[PDB]
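> Build the 3D model from these lines:
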Amino acid sequence: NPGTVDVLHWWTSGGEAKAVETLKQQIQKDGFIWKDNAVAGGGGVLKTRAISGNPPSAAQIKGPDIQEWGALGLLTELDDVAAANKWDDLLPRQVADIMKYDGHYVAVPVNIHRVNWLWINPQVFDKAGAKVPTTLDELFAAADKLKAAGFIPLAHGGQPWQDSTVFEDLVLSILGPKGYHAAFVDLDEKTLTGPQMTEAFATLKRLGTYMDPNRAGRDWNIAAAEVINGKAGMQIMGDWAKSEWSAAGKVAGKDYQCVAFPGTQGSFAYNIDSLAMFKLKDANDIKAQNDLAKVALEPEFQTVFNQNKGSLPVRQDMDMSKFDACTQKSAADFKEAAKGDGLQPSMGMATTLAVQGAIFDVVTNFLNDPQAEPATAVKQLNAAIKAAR
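Residues are numbered from 1 along each chain as shown. You can find the structure just below:
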């Protein structure tokens, strides 16, 4: 036909086009047709279109949104392409499991972000006599010292997802991997209303006190800029924030440092993006689909897509010297975490959009209220999470 690949995705950026193009050019070269329809409003009509027999060949669906679409029977089993390309050998076990439904590949993963980073301006630290933290006590001690030296201690933007990034970090730090998993994967009631979650909010509140009150609306890349430009000391963010650093022409260690969010050493909170493959009717369109799935997990796209963006590739067998120094620390930390309970889904991997919304809402509401009681915030957390489920 020669068969058509229609991919619904949100990879809008110029850096992400380089990779998408490498995909297109190879599909064409393999004798198939390319077509895309790239929407925007990042964060996530496809349903109505797939529940009515006009799906795209592929769509961007991260988190649990895969199990739901699988369970509807709308996705296609990729046993053949998996088998031909030794997918089980290439993927970390926990990653492969996220991509399966009834033991069958239904989606191909394309990246691994780490959520639990702190980004550090080593020039700002030296001029402030500040010490790169490894504990929460030390994170505050650095914050004080930066303020005392007349820097913005924490660069932080006014969007709910960013408030909860910082929250989920604190949950991980205080509760450790197991408790984090109890809270965001199992939505365990005792955990979400317990003393340590309460401590996570108390610590959130306390981080609040060092944040700019005129942050409302502000994007993560503006907060990163305050760090890049030598005006702030730190930002707590996932490793997408490297893009901002790259685009400014920085390096690894010479301009910034990446450390694990204090107290989360040992753990890797992953954030994994993916293309779920729909059940199609045309044989040629299947062959195209299977090609897109193969190539999305080949070295060429796995390198370009994750490069100039900050995430790790999901393939285990990569030439990592192709990446920056922070991605190499991220690759090392991944493996350590992977030996045990340390590897956990970020909150964004770990629940439904409705539950996220509930948490985002509780967190921002409590962080935007200087009188808010942590003892109260855990009841709000739990009650909202119950209601969204």
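> where's residue 13 relative to residue 273, distance?
13 Å (C-beta to C-beta, to the nearest Å). Using the backbone N, CA and C atoms, a C-beta is placed for each residue, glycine as well.
> So for the two, which sits in the more crowded spot?
Each of residue 13 and residue 273 has its neighbours counted (other C-beta atoms under 10 Å); residue 273 has more, 20 against 14.
> Might one say that that one is in contact with residue 59?
No - using C-beta atoms under 8 Å, residue 273 is not in contact with residue 59, being 11.5 Å away.
> mind listing what's buried in stretch 201-213?
Buried residues in stretch 201-213, counting neighbours by 16 or more other C-beta atoms under 10 Å, are found at 201, 202, 203, 204, 205, 207, 208, 210, 211, 212.
> Kindly apply the preceding question to stretch 221-234 instead.
Neighbour-count burial for stretch 221-234 [16+ other C-beta under 10 Å]: 223, 224, 225, 226, 227, 228, 232, 233, 234.
> now swap in stretch 296-312 and tell me
Those would be 296-297, 301-312, for stretch 296-312 by 16+ other C-beta under 10 Å.
> try stretch 367-381
For stretch 367-381, by 16+ other C-beta under 10 Å, it's 367, 372, 374, 377, 378, 380, 381.
> so who does the third one touch?
By C-beta atoms under 8 Å, 6 or more residues apart in numbering, the residues touching residue 374 are 198, 199, 201, 202, 205, 366.
> Leaving out the residues flanking it, which one is nearest to it?
Counting by C-beta to C-beta, 6 or more residues apart in numbering, residue 201 is the residue found nearest to residue 374 once chain neighbours are left out, at 3.8 Å.
> likewise the first one?
Distances taken as C-beta to C-beta, 6+ apart put residue 163 closest to residue 367, at 5.1 Å, once the chain neighbours are dropped.
> Touching, that neighbour and residue 360? I think so.
Yes - Residue 163 lies in contact with residue 360 (C-beta under 8 Å); the separation is 7.3 Å.
> which one of these two has more residues nearby?
residue 163 (27 against 20).
> ok, now how distant is the more buried one from residue 365?
9 Å.
> Surely residue 314 is within a helix?
No - read with DSSP: H, G, I helix; E, B strand; the rest coil, residue 314 is coil and lies in no helix.
> The closest residue to it other than its chain neighbours: neighbour count?
Distances taken as C-beta to C-beta, 6+ apart place residue 109 nearest to residue 314, at 4.8 Å, with adjacent residues excluded. Burial measure for residue 109: 25 neighbouring residues, criterion other C-beta under 10 Å.
> tell me the phi and psi of residue 109?
phi -80, psi 150 (degrees, to the nearest 10).
> need the contact list for it.
So residue 109 contacts 91, 95, 98, 99, 272, 273, 274, 297, 314 (C-beta under 8 Å, 6+ apart).
> ok, now how distant is it from residue 17?
20 Å.
> do the same with residue 345
28 Å.
> between those two, which one's more packed in?
Per other C-beta under 10 Å, whichever of residue 345 and residue 17 has more neighbours is residue 345, with 21 against 13.
> So what sits opposite the more buried one in the bridge?
Going by DSSP bridges, residue 345 is paired in beta bridges with residue 270.
> just checking, it touches residue 268?
No - in this structure, residue 345 is not within contact of residue 268 by C-beta under 8 Å, at 10.1 Å.
> elements contacting the top helix by length along the chain?
Of all the segments assigned as helix in the chain under DSSP state H, the longest by residue count is helix 160-184. Using 3 or more C-beta pairs under 8 Å, 6 or more residues apart in numbering; DSSP states H and E, the elements in contact with helix 160-184 are helix 136-148, helix 189-192, helix 195-208, strand 232-236, strand 268-271, strand 343-345, helix 347-350, helix 353-367.
> That helix vs helix 195-208, what angle?
160 degrees (axes from the mean of the first three to the mean of the last three C-alpha atoms, to 10 degrees).
> Mind listing what's buried along helix 160-184?
160, 162-177, 179-184.
> what does stretch 147-160 give?
Using 16+ other C-beta under 10 Å as the test for burial, stretch 147-160 gives 151, 152, 153, 154, 155, 156, 157, 158, 159, 160.
> Okay then, goodbye and thanks.
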